[PDB]
Amino acid sequence: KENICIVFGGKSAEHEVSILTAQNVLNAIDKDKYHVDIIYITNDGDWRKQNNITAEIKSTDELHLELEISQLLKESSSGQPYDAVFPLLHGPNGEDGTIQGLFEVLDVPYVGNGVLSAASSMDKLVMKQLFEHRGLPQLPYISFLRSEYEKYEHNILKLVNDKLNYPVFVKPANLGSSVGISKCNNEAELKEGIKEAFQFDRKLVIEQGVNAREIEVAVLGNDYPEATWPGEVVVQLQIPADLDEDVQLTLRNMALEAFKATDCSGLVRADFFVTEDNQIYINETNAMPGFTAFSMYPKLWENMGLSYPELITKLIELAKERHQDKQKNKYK
Amino acid sequence: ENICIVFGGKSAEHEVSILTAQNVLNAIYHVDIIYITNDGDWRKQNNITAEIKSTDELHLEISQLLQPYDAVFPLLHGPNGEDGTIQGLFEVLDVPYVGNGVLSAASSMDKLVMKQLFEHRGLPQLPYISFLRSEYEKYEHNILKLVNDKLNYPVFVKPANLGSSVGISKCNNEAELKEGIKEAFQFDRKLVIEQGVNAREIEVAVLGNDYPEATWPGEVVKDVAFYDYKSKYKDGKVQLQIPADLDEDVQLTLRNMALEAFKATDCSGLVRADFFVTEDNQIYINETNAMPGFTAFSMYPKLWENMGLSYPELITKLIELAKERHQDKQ
Ligand SMILES: Nc1ncnc2c1ncn2[C@@H]1O[C@H](COP(=O)(O)OP(=O)(O)OP(=O)(O)O)[C@@H](O)[C@H]1O
Ligand SMILES: Nc1ncnc2c1ncn2[C@@H]1O[C@H](COP(=O)(O)OP(=O)(O)O)[C@@H](O)[C@H]1O
Ligand SMILES: [K+]
Ligand SMILES: [K+]
Ligand SMILES: [K+]
Ligand SMILES: [K+]
Ligand SMILES: [Mg+2]
Ligand SMILES: [Mg+2]
């Protein structure tokens with residue numbers, strides 16, 4: 001058997017769905033193939049651990065678990081070091097690169113994106129700037145800092161009025177999912193949206209609004225990633241999405257380009273806007289997308305013939321490969 | 001107030017981090033130090049009341065190693081310290097720290113991401129190419145032909161995430177380029193190859209959080225063209241000049257470029273911007289460094305001394321910026 005550790009919970013608003021995700025992942029892992037330990041991070045930051053999961057998780061209640069951090073991750077309960085650590089955290093303090101940096105300092109192998117890819121895909125501005133260098137189409141947008149807005153509010157609003165068309169969307173640069181995002185139908189709502197998002201962040205983006213369908217593509221791999229056929233979020237899903245053949249192939253190639261633009265590893269989900277006349281814009285990539293048994297990312301791969309337990313195993317094997325390829329770097 | 005100095009690191013710049021730590025300790029508070037060996041082992045020594053006489057005497061649970069400290073001051077160079085990794089550990093433990101955050105340290109260490117962000121900011125750069133080890137094995141031929149068609153010999157092959165000129169080689173033709181690529185791949189999975197330029201090498205120091213300030217530029221006056229590892233730390237044939245012999249408008253251009261490069265990676269605390277200036281007065285930016293060296297051969301402290309900010313004041317100012325940034329997070 002191989003030794004795996006699941007990390008879930010976290011100082012997050014999505015604390016409960018991370019626990020729900022852990023139940024689906026734990027119940028999908030073949031216990032005869034993997035020795036499984038779990039680490040539960042409470043809403044206060046305390047780390048708690050339970051050893052050797054051998055039965056099915058019957059309720060999300062029993063995953064609420066009620067030693068130092070380096071000791072919990074260093075050794076499996078079998079005594080050996082873990083072969084892979086699978087974090088299932090969402091939002092800030094989870095997919096922002098911090099816990100990945102902790103994994104790197106402690107030299108533990110882990111599933112998913114690394115420090116650079118997680119942090120660059122989290123920051124809305126950096127994400128768009130790397131997409132633009134790659135040549136990916138994006139909606140017109142403006143960005144500025146809180147310091148600049150305190151002094152140049154008049155000039156910033158004049159640029160928005162000229163370059164963009166209403167409605168517009170105001171988004172904080174480094175916050176959680178749908179946290180501080182406001183659709184603004186006039187300039188009065190625009191200024192109120194800027195004040196709301198600056199109350200918790202120092203950097204802002206303002207996007208041109210678009211009338212389009214939301215199409216998503218799932219990517220899996222390290223150095224030779226593969227993309228799925230696209231799906232749509234009608235939350236109800238439609239897999240595969242009803243698209244023209246040339247749009248389906250364009251989106252799969254763009255998802256591979258977005259994966260490379262942020263130097264991703266393991267997985268990513270590329271979300272697009274597709275209008276009625278087949279105009280394509282990339283919205284964002286998700287370093288740790290929804291991973292429940294009914295989420296879009298696993299269902300997109302099920303349509304490709306990859307089952308949920310096989311997807312979990314493939315991500316673990318990618319974690320081992322990325323760790324091995326890191327050791328062959330010289331550091332002396 | 002209690003400060004903790006972290007130095008060493010699992011990095012090819014290990015010895016440089018030790019030399020940087022000696023001067024920061026000798027010029028700086030209740031001071032504790034943590035020595036990370038070249039293999040990644042943490043070793044702590046409490047209370048440095050006396051003066052550090054040699055680099056040799058600095059060859060000495062992580063959560064318990066970190067009254068709690070008012071600020072932790074990392075002096076790590078290169079991977080596993082200057083690339084966002086140890087900054088993420090500080091974030092999880094909710095401990096204030098000096099310098100750049102997770103994203104800023106990571107995006108400035110990776111020279112490819114750095115160049116792409118500098119390009120979007122509008123900064124001038126030399127023509128370059130980048131590729132992964134996986135791509136070079138399946139596409140070696142057209143990659144070497146892309147160097148011939150897009151770049152111009154001589155070229156400089158570099159690992160993406162390193163410093164102190166480790167892994168860099170100047171290649172005058174395709175035969176030397178193929179050896180430089182094989183050598184650079186020993187340090188990283190990703191490379192950058194730049195068109196070479198004949199130019200003077202100028203550096204500018206930046207300091208601050210939401211309102212950074214930049215110094216006057218200085219020049220690395222040298223006889224050799226390649227400022228390699230031996231030229232940087234092994235012998236004193238190279239002389240620094242602060243400020244540099246440049247026109248007033250050229251010096252002001254370099255300050256404004258350093259501020260834009262600081263903001264291009266959303267820097268916090270400090271950064272050092274390095275430039276190339278040709279004989280016909282053309283300007284390219286080379287790189288920025290999230291934690292520049294503080295060795296006797298370094299320039300970041302000397303650049304701020306010329307501004308009237310002495311060495312002990314520079315250390316204190318960096319600690320204040322760390323406490324300010326931490327309070328804004330909480
Ligand atoms: N395109 C180029 N043209 C001419 N010289 C170059 C070029 N690229 C690199 N060099 C030489 O290599 C040296 C190091 O370059 P670079 O800044 O890329 O490496 P580094 O290790 O990041 O530097 P540092 O030690 O400051 O971190 C420079 O001082 C310069 O002399
Ligand atoms: N420019 C836009 N035009 C139309 N709808 C948008 C635009 N930007 C965001 N939205 C809507 O807002 C939702 C959240 O936007 P997104 O940037 O994905 O937030 P997050 O990254 O926090 O999930 C999306 O599902 C989308 O439907
Ligand atoms: K994102
Ligand atoms: K750098
Ligand atoms: K030539
Ligand atoms: K340099
Ligand atoms: Mg979204
Ligand atoms: Mg450097």
# chains A, B, ... in the order shown; residues from 1 in each chain; ligands from 1
>>> residues_near_ligand(ligand="ligand 7", cutoff="9 Å", atoms="only C-alpha atoms and all ligand atoms", output="MDAnalysis selection string")
chainID A and resid 177:178 271 283:286
>>> closest_atom_pairs(of="chain A", to="ligand 2", cutoff="7 Å", atoms="only C-alpha atoms and all ligand atoms", output="Markdown table")
| residue | atom | partner | partner_atom_place_in_ligand_line | distance |
| --- | --- | --- | --- | --- |
| A:139 | CA | ligand 2 | 1 (N) | 6.7 |
| A:168 | CA | ligand 2 | 1 (N) | 6.5 |
| A:169 | CA | ligand 2 | 8 (N) | 5.6 |
| A:171 | CA | ligand 2 | 17 (O) | 6.8 |
| A:176 | CA | ligand 2 | 22 (O) | 5.7 |
| A:177 | CA | ligand 2 | 22 (O) | 3.4 |
| A:178 | CA | ligand 2 | 22 (O) | 3.7 |
| A:179 | CA | ligand 2 | 22 (O) | 6.0 |
| A:181 | CA | ligand 2 | 19 (O) | 6.8 |
| A:207 | CA | ligand 2 | 1 (N) | 5.0 |
| A:208 | CA | ligand 2 | 1 (N) | 5.0 |
| A:209 | CA | ligand 2 | 3 (N) | 3.6 |
| A:210 | CA | ligand 2 | 3 (N) | 4.0 |
| A:211 | CA | ligand 2 | 4 (C) | 6.0 |
| A:214 | CA | ligand 2 | 27 (O) | 6.8 |
| A:283 | CA | ligand 2 | 17 (O) | 6.4 |
| A:284 | CA | ligand 2 | 18 (O) | 6.5 |
>>> select_by_dssp(residues="region 115-299 of chain A", states="helix (DSSP H, G or I)", output="MDAnalysis selection string")
chainID A and resid 115:122 124:134 146:163 187:198 245:261 296:299
>>> closest_atom_pairs(of="chain B", to="ligand 1", cutoff="7 Å", atoms="only C-alpha atoms and all ligand atoms", output="CSV")
residue,atom,partner,partner_atom_place_in_ligand_line,distance
B:126,CA,ligand 1,1 (N),6.6
B:155,CA,ligand 1,1 (N),6.6
B:156,CA,ligand 1,8 (N),5.4
B:158,CA,ligand 1,18 (O),6.7
B:162,CA,ligand 1,21 (O),6.0
B:163,CA,ligand 1,21 (O),3.0
B:164,CA,ligand 1,25 (O),3.1
B:165,CA,ligand 1,21 (O),3.5
B:166,CA,ligand 1,21 (O),5.9
B:168,CA,ligand 1,12 (O),6.8
B:194,CA,ligand 1,1 (N),4.9
B:195,CA,ligand 1,1 (N),5.1
B:196,CA,ligand 1,3 (N),3.7
B:197,CA,ligand 1,3 (N),4.1
B:198,CA,ligand 1,4 (C),6.0
B:199,CA,ligand 1,4 (C),7.0
B:201,CA,ligand 1,29 (O),6.7
B:225,CA,ligand 1,31 (O),6.0
B:226,CA,ligand 1,31 (O),4.3
B:227,CA,ligand 1,31 (O),4.0
B:228,CA,ligand 1,13 (C),5.8
B:286,CA,ligand 1,17 (O),6.1
B:287,CA,ligand 1,17 (O),5.7
B:289,CA,ligand 1,27 (O),6.4
>>> write_last_selection(atoms="N, CA, C and O atoms", output="tab-separated table (two decimals), in the first residue's frame")
chain	number	residue	atom	x	y	z
B	126	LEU	N	15.17	42.73	-23.31
B	126	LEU	CA	15.88	42.11	-24.41
B	126	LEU	C	15.07	40.95	-24.99
B	126	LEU	O	14.24	40.36	-24.30
B	155	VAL	N	24.41	34.49	-26.80
B	155	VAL	CA	23.20	34.43	-25.98
B	155	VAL	C	23.58	34.00	-24.57
B	155	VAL	O	24.67	33.48	-24.32
B	156	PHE	N	22.65	34.22	-23.64
B	156	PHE	CA	22.81	33.84	-22.25
B	156	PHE	C	21.69	32.89	-21.86
B	156	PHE	O	20.52	33.27	-21.88
B	158	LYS	N	19.88	30.73	-18.94
B	158	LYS	CA	19.73	30.87	-17.50
B	158	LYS	C	18.66	29.92	-16.99
B	158	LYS	O	17.65	29.69	-17.67
B	162	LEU	N	16.75	31.14	-10.01
B	162	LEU	CA	18.03	31.10	-9.31
B	162	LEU	C	18.60	32.51	-9.23
B	162	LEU	O	17.93	33.49	-9.57
B	163	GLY	N	19.84	32.60	-8.77
B	163	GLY	CA	20.54	33.86	-8.65
B	163	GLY	C	22.02	33.62	-8.49
B	163	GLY	O	22.50	32.49	-8.60
B	164	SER	N	22.75	34.71	-8.22
B	164	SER	CA	24.20	34.67	-8.04
B	164	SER	C	24.91	34.10	-9.26
B	164	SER	O	26.00	33.53	-9.15
B	165	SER	N	24.30	34.24	-10.44
B	165	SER	CA	24.83	33.76	-11.71
B	165	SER	C	25.05	32.25	-11.73
B	165	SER	O	25.80	31.74	-12.57
B	166	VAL	N	24.39	31.52	-10.84
B	166	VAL	CA	24.52	30.07	-10.81
B	166	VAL	C	23.76	29.47	-11.99
B	166	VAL	O	22.59	29.78	-12.21
B	168	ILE	N	24.29	30.04	-15.15
B	168	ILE	CA	24.31	30.91	-16.31
B	168	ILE	C	25.61	30.73	-17.07
B	168	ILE	O	26.68	30.57	-16.46
B	194	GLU	N	18.39	34.55	-23.43
B	194	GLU	CA	18.30	35.95	-23.80
B	194	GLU	C	19.33	36.29	-24.87
B	194	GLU	O	20.45	35.75	-24.85
B	195	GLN	N	18.96	37.18	-25.78
B	195	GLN	CA	19.94	37.77	-26.68
B	195	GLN	C	20.93	38.60	-25.88
B	195	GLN	O	20.54	39.43	-25.05
B	196	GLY	N	22.22	38.36	-26.11
B	196	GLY	CA	23.24	39.09	-25.39
B	196	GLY	C	23.34	40.54	-25.83
B	196	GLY	O	22.97	40.91	-26.95
B	197	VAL	N	23.85	41.37	-24.93
B	197	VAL	CA	24.02	42.79	-25.19
B	197	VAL	C	25.32	43.26	-24.55
B	197	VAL	O	25.74	42.75	-23.51
B	198	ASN	N	25.96	44.22	-25.21
B	198	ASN	CA	27.15	44.88	-24.67
B	198	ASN	C	26.70	46.18	-24.02
B	198	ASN	O	26.28	47.12	-24.70
B	199	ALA	N	26.76	46.23	-22.69
B	199	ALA	CA	26.19	47.36	-21.97
B	199	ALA	C	26.79	47.44	-20.57
B	199	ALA	O	27.40	46.50	-20.08
B	201	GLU	N	26.15	47.84	-16.47
B	201	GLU	CA	25.20	47.20	-15.57
B	201	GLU	C	24.92	48.13	-14.39
B	201	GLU	O	25.83	48.44	-13.61
B	225	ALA	N	33.17	41.03	-19.11
B	225	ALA	CA	31.81	41.24	-19.60
B	225	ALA	C	30.80	40.45	-18.79
B	225	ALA	O	29.77	40.99	-18.37
B	226	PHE	N	31.08	39.17	-18.54
B	226	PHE	CA	30.18	38.32	-17.78
B	226	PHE	C	30.45	38.49	-16.29
B	226	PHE	O	31.55	38.20	-15.81
B	227	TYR	N	29.43	38.97	-15.56
B	227	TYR	CA	29.51	39.17	-14.12
B	227	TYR	C	29.08	37.86	-13.44
B	227	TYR	O	27.98	37.73	-12.91
B	228	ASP	N	29.99	36.89	-13.46
B	228	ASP	CA	29.67	35.53	-13.03
B	228	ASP	C	29.89	35.39	-11.52
B	228	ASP	O	30.14	36.36	-10.81
B	286	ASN	N	16.86	44.26	-16.63
B	286	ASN	CA	17.37	42.90	-16.60
B	286	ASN	C	16.51	42.01	-15.71
B	286	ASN	O	15.86	41.08	-16.19
B	287	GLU	N	16.49	42.31	-14.42
B	287	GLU	CA	15.70	41.55	-13.46
B	287	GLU	C	15.52	42.38	-12.20
B	287	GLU	O	16.16	43.41	-12.01
B	289	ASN	N	15.09	41.54	-7.80
B	289	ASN	CA	15.39	40.52	-6.80
B	289	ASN	C	14.65	40.85	-5.51
B	289	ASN	O	14.78	41.96	-4.98
>>> interface_residues(of="chain A", to="chain B", cutoff="8 Å", atoms="only C-alpha atoms", output="PyMOL selection string")
chain A and resi 68-70+93+97-102+104-105+115-116+119-120+126+129-130+133+147+223+328-332
>>> write_last_selection(atoms="N, CA and C atoms", output="PDB file, in the first residue's frame")
ATOM      1  N   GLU A  68       2.514  19.151  16.901  1.00  0.00           N
ATOM      2  CA  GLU A  68       2.829  20.281  16.043  1.00  0.00           C
ATOM      3  C   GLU A  68       2.483  19.969  14.590  1.00  0.00           C
ATOM      4  N   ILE A  69       2.431  21.028  13.777  1.00  0.00           N
ATOM      5  CA  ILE A  69       2.042  20.881  12.377  1.00  0.00           C
ATOM      6  C   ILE A  69       3.063  20.044  11.615  1.00  0.00           C
ATOM      7  N   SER A  70       4.354  20.283  11.856  1.00  0.00           N
ATOM      8  CA  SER A  70       5.386  19.552  11.130  1.00  0.00           C
ATOM      9  C   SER A  70       5.380  18.067  11.476  1.00  0.00           C
ATOM     10  N   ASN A  93      -6.193  31.020   2.168  1.00  0.00           N
ATOM     11  CA  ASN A  93      -5.563  30.097   3.109  1.00  0.00           C
ATOM     12  C   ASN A  93      -5.666  28.644   2.662  1.00  0.00           C
ATOM     13  N   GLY A  97      -1.641  29.472  -2.250  1.00  0.00           N
ATOM     14  CA  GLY A  97      -0.227  29.168  -2.275  1.00  0.00           C
ATOM     15  C   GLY A  97       0.447  29.120  -0.920  1.00  0.00           C
ATOM     16  N   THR A  98      -0.254  29.492   0.153  1.00  0.00           N
ATOM     17  CA  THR A  98       0.374  29.517   1.471  1.00  0.00           C
ATOM     18  C   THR A  98       0.657  28.106   1.975  1.00  0.00           C
ATOM     19  N   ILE A  99      -0.365  27.245   1.996  1.00  0.00           N
ATOM     20  CA  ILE A  99      -0.154  25.884   2.483  1.00  0.00           C
ATOM     21  C   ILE A  99       0.748  25.106   1.533  1.00  0.00           C
ATOM     22  N   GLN A 100       0.740  25.452   0.242  1.00  0.00           N
ATOM     23  CA  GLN A 100       1.696  24.851  -0.683  1.00  0.00           C
ATOM     24  C   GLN A 100       3.123  25.231  -0.310  1.00  0.00           C
ATOM     25  N   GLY A 101       3.336  26.487   0.087  1.00  0.00           N
ATOM     26  CA  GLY A 101       4.650  26.889   0.562  1.00  0.00           C
ATOM     27  C   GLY A 101       5.059  26.152   1.822  1.00  0.00           C
ATOM     28  N   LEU A 102       4.096  25.888   2.708  1.00  0.00           N
ATOM     29  CA  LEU A 102       4.374  25.064   3.880  1.00  0.00           C
ATOM     30  C   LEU A 102       4.797  23.662   3.468  1.00  0.00           C
ATOM     31  N   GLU A 104       6.285  22.823   0.730  1.00  0.00           N
ATOM     32  CA  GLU A 104       7.602  22.865   0.102  1.00  0.00           C
ATOM     33  C   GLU A 104       8.713  22.961   1.141  1.00  0.00           C
ATOM     34  N   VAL A 105       8.506  23.757   2.193  1.00  0.00           N
ATOM     35  CA  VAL A 105       9.520  23.882   3.237  1.00  0.00           C
ATOM     36  C   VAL A 105       9.702  22.556   3.964  1.00  0.00           C
ATOM     37  N   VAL A 115       3.222  26.739  -5.537  1.00  0.00           N
ATOM     38  CA  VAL A 115       3.180  28.082  -4.963  1.00  0.00           C
ATOM     39  C   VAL A 115       2.895  29.120  -6.040  1.00  0.00           C
ATOM     40  N   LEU A 116       3.671  29.098  -7.127  1.00  0.00           N
ATOM     41  CA  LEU A 116       3.527  30.119  -8.162  1.00  0.00           C
ATOM     42  C   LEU A 116       2.169  30.028  -8.847  1.00  0.00           C
ATOM     43  N   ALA A 119      -0.807  31.036  -6.534  1.00  0.00           N
ATOM     44  CA  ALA A 119      -0.846  32.456  -6.198  1.00  0.00           C
ATOM     45  C   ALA A 119      -1.148  33.313  -7.421  1.00  0.00           C
ATOM     46  N   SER A 120      -0.629  32.926  -8.590  1.00  0.00           N
ATOM     47  CA  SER A 120      -0.856  33.719  -9.794  1.00  0.00           C
ATOM     48  C   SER A 120      -2.272  33.553 -10.332  1.00  0.00           C
ATOM     49  N   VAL A 126      -2.825  39.607 -11.990  1.00  0.00           N
ATOM     50  CA  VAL A 126      -1.708  38.822 -12.515  1.00  0.00           C
ATOM     51  C   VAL A 126      -2.216  37.747 -13.465  1.00  0.00           C
ATOM     52  N   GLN A 129      -2.973  39.295 -16.770  1.00  0.00           N
ATOM     53  CA  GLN A 129      -1.777  39.764 -17.463  1.00  0.00           C
ATOM     54  C   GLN A 129      -1.009  38.606 -18.089  1.00  0.00           C
ATOM     55  N   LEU A 130      -1.007  37.440 -17.436  1.00  0.00           N
ATOM     56  CA  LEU A 130      -0.374  36.267 -18.030  1.00  0.00           C
ATOM     57  C   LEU A 130      -1.205  35.701 -19.175  1.00  0.00           C
ATOM     58  N   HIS A 133      -0.518  37.960 -22.289  1.00  0.00           N
ATOM     59  CA  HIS A 133       0.764  37.679 -22.926  1.00  0.00           C
ATOM     60  C   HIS A 133       0.694  36.433 -23.798  1.00  0.00           C
ATOM     61  N   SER A 147      -4.719  52.889  -3.019  1.00  0.00           N
ATOM     62  CA  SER A 147      -3.982  54.137  -2.852  1.00  0.00           C
ATOM     63  C   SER A 147      -4.234  55.083  -4.018  1.00  0.00           C
ATOM     64  N   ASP A 223       3.308  17.812 -17.253  1.00  0.00           N
ATOM     65  CA  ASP A 223       4.037  18.342 -18.398  1.00  0.00           C
ATOM     66  C   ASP A 223       3.351  18.088 -19.734  1.00  0.00           C
ATOM     67  N   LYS A 328      15.754  15.875  -8.490  1.00  0.00           N
ATOM     68  CA  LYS A 328      16.901  15.839  -9.389  1.00  0.00           C
ATOM     69  C   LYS A 328      17.485  17.218  -9.665  1.00  0.00           C
ATOM     70  N   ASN A 329      16.931  18.277  -9.078  1.00  0.00           N
ATOM     71  CA  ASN A 329      17.537  19.597  -9.166  1.00  0.00           C
ATOM     72  C   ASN A 329      18.690  19.712  -8.179  1.00  0.00           C
ATOM     73  N   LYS A 330      19.788  20.312  -8.631  1.00  0.00           N
ATOM     74  CA  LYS A 330      20.941  20.527  -7.769  1.00  0.00           C
ATOM     75  C   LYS A 330      20.714  21.746  -6.886  1.00  0.00           C
ATOM     76  N   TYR A 331      21.059  21.617  -5.603  1.00  0.00           N
ATOM     77  CA  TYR A 331      20.859  22.690  -4.638  1.00  0.00           C
ATOM     78  C   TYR A 331      22.097  22.972  -3.790  1.00  0.00           C
ATOM     79  N   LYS A 332      23.258  22.454  -4.172  1.00  0.00           N
ATOM     80  CA  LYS A 332      24.471  22.625  -3.375  1.00  0.00           C
ATOM     81  C   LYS A 332      25.438  23.625  -4.005  1.00  0.00           C
TER      82      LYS A 332
END
>>> residues_around(residues="region 32-38 of chain A", least_positions_apart="2", cutoff="12 Å", atoms="only C-alpha atoms", output="NGL selection string")
:A and (1-9 or 19 or 22-23 or 25-30 or 40-41 or 47-57 or 62-65 or 72-73 or 75-88 or 309 or 312-313 or 316)
>>> residues_near_ligand(ligand="ligand 5", cutoff="10 Å", atoms="only C-alpha atoms and all ligand atoms", output="ChimeraX atom specification")
/B:148,151-155,172-173,195-196
>>> residues_around(residues="residue 59 (chain B)", least_positions_apart="4", cutoff="12 Å", atoms="only C-alpha atoms", output="VMD selection string")
chain B and resid 7 to 9 14 to 15 17 to 19 21 to 22 33 to 38 41 to 45 52 54 to 55
>>> atom_distance(atom1="CA of residue 327 (chain A)", atom2="CA of residue 111 (chain A)")
16.1 Å
>>> closest_residue(among="A:219, A:253, A:213, A:303", to="residue 278 (chain A)", atoms="only C-alpha atoms")
A:213
>>> closest_residue(among="A:228, A:250, A:43, A:295", to="residue 274 (chain A)", atoms="only C-alpha atoms")
A:250
>>> select_by_dssp(residues="region 84-315 of chain B", states="strand (DSSP E)", output="PyMOL selection string")
chain B and resi 128-132+155-159+169-171+190-195+200-208+213-214+218-221+239-241+269-277+283-289
>>> atom_distance(atom1="CA of residue 246 (chain A)", atom2="CA of residue 226 (chain A)")
17.9 Å
>>> closest_residue(among="A:318, A:258, A:304, A:212", to="ligand 3", atoms="only C-alpha atoms and all ligand atoms")
A:258
>>> residues_around(residues="residue 323 (chain A)", least_positions_apart="3", cutoff="8 Å", atoms="only C-alpha atoms", output="JSON, numbers by chain")
{"A": [109, 110, 319, 320, 326, 327]}
>>> atom_distance(atom1="CA of residue 225 (chain A)", atom2="CA of residue 143 (chain B)")
20.6 Å
>>> residues_around(residues="region 185-200 of chain A", least_positions_apart="5", cutoff="9 Å", atoms="only C-alpha atoms", output="PyMOL selection string")
chain A and resi 145-146+157+161+166-172+175+179-180+206
>>> write_last_selection(atoms="N, CA and C atoms", output="PDB file, in the first residue's frame")
ATOM      1  N   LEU A 145      -5.218  50.472  -7.782  1.00  0.00           N
ATOM      2  CA  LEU A 145      -4.976  50.221  -6.369  1.00  0.00           C
ATOM      3  C   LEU A 145      -5.842  51.127  -5.500  1.00  0.00           C
ATOM      4  N   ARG A 146      -5.998  50.729  -4.233  1.00  0.00           N
ATOM      5  CA  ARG A 146      -6.747  51.558  -3.291  1.00  0.00           C
ATOM      6  C   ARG A 146      -6.054  52.894  -3.065  1.00  0.00           C
ATOM      7  N   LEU A 157     -12.729  57.052 -12.737  1.00  0.00           N
ATOM      8  CA  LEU A 157     -14.109  56.880 -13.177  1.00  0.00           C
ATOM      9  C   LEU A 157     -14.309  57.356 -14.611  1.00  0.00           C
ATOM     10  N   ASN A 161     -15.823  55.036 -17.742  1.00  0.00           N
ATOM     11  CA  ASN A 161     -16.969  55.445 -18.548  1.00  0.00           C
ATOM     12  C   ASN A 161     -16.658  55.416 -20.039  1.00  0.00           C
ATOM     13  N   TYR A 166     -21.864  49.756 -19.743  1.00  0.00           N
ATOM     14  CA  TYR A 166     -22.654  49.191 -18.665  1.00  0.00           C
ATOM     15  C   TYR A 166     -23.514  48.036 -19.179  1.00  0.00           C
ATOM     16  N   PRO A 167     -23.758  47.013 -18.342  1.00  0.00           N
ATOM     17  CA  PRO A 167     -23.286  46.896 -16.955  1.00  0.00           C
ATOM     18  C   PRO A 167     -21.823  46.466 -16.845  1.00  0.00           C
ATOM     19  N   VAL A 168     -21.193  46.768 -15.710  1.00  0.00           N
ATOM     20  CA  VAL A 168     -19.818  46.368 -15.445  1.00  0.00           C
ATOM     21  C   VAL A 168     -19.784  45.572 -14.148  1.00  0.00           C
ATOM     22  N   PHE A 169     -18.697  44.826 -13.965  1.00  0.00           N
ATOM     23  CA  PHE A 169     -18.508  43.972 -12.800  1.00  0.00           C
ATOM     24  C   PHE A 169     -17.253  44.394 -12.053  1.00  0.00           C
ATOM     25  N   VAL A 170     -17.393  44.623 -10.749  1.00  0.00           N
ATOM     26  CA  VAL A 170     -16.277  44.973  -9.874  1.00  0.00           C
ATOM     27  C   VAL A 170     -15.891  43.739  -9.071  1.00  0.00           C
ATOM     28  N   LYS A 171     -14.605  43.384  -9.102  1.00  0.00           N
ATOM     29  CA  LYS A 171     -14.122  42.176  -8.447  1.00  0.00           C
ATOM     30  C   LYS A 171     -12.862  42.480  -7.646  1.00  0.00           C
ATOM     31  N   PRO A 172     -12.794  42.071  -6.380  1.00  0.00           N
ATOM     32  CA  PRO A 172     -11.528  42.164  -5.648  1.00  0.00           C
ATOM     33  C   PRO A 172     -10.487  41.243  -6.263  1.00  0.00           C
ATOM     34  N   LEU A 175      -9.610  37.603  -3.248  1.00  0.00           N
ATOM     35  CA  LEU A 175     -10.619  37.164  -2.291  1.00  0.00           C
ATOM     36  C   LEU A 175     -11.183  35.823  -2.742  1.00  0.00           C
ATOM     37  N   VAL A 179     -16.875  36.652  -3.470  1.00  0.00           N
ATOM     38  CA  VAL A 179     -16.738  37.495  -2.288  1.00  0.00           C
ATOM     39  C   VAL A 179     -16.414  38.906  -2.760  1.00  0.00           C
ATOM     40  N   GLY A 180     -17.347  39.831  -2.552  1.00  0.00           N
ATOM     41  CA  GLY A 180     -17.142  41.213  -2.929  1.00  0.00           C
ATOM     42  C   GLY A 180     -17.345  41.525  -4.393  1.00  0.00           C
ATOM     43  N   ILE A 206     -12.148  45.875 -12.774  1.00  0.00           N
ATOM     44  CA  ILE A 206     -13.490  46.214 -13.232  1.00  0.00           C
ATOM     45  C   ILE A 206     -13.619  45.733 -14.669  1.00  0.00           C
TER      46      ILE A 206
END
>>> residues_around(residues="residue 268 (chain A)", least_positions_apart="3", cutoff="10 Å", atoms="only C-alpha atoms", output="PyMOL selection string")
chain A and resi 112-113+117+121+217-221+225+227+255-256+258-259+264-265+271+285-289+297
>>> write_last_selection(atoms="C-alpha atoms", output="mmCIF file, in the first residue's frame")
data_model
loop_
_atom_site.group_PDB
_atom_site.id
_atom_site.type_symbol
_atom_site.label_atom_id
_atom_site.label_comp_id
_atom_site.auth_asym_id
_atom_site.auth_seq_id
_atom_site.Cartn_x
_atom_site.Cartn_y
_atom_site.Cartn_z
ATOM 1 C CA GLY A 112 -2.312 19.891 -7.336
ATOM 2 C CA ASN A 113 -0.853 23.306 -8.070
ATOM 3 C CA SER A 117 0.544 28.667 -10.028
ATOM 4 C CA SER A 121 -4.247 32.170 -10.595
ATOM 5 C CA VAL A 217 -13.080 22.827 -19.478
ATOM 6 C CA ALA A 218 -11.182 20.428 -17.206
ATOM 7 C CA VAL A 219 -7.422 19.856 -17.531
ATOM 8 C CA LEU A 220 -5.368 17.044 -15.986
ATOM 9 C CA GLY A 221 -1.618 16.460 -15.996
ATOM 10 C CA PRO A 225 -1.812 17.904 -19.852
ATOM 11 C CA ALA A 227 -8.295 18.669 -21.764
ATOM 12 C CA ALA A 255 -7.616 25.595 -21.759
ATOM 13 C CA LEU A 256 -4.213 24.038 -22.453
ATOM 14 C CA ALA A 258 -4.236 28.851 -19.833
ATOM 15 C CA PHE A 259 -2.812 25.851 -17.964
ATOM 16 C CA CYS A 264 0.005 24.792 -13.464
ATOM 17 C CA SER A 265 0.564 21.263 -12.184
ATOM 18 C CA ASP A 271 -13.960 28.945 -17.312
ATOM 19 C CA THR A 285 -8.790 29.412 -14.112
ATOM 20 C CA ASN A 286 -9.509 27.559 -10.865
ATOM 21 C CA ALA A 287 -6.490 26.054 -9.106
ATOM 22 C CA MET A 288 -8.686 23.849 -6.884
ATOM 23 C CA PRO A 289 -12.133 23.575 -8.496
ATOM 24 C CA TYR A 297 -14.511 18.967 -12.830
#
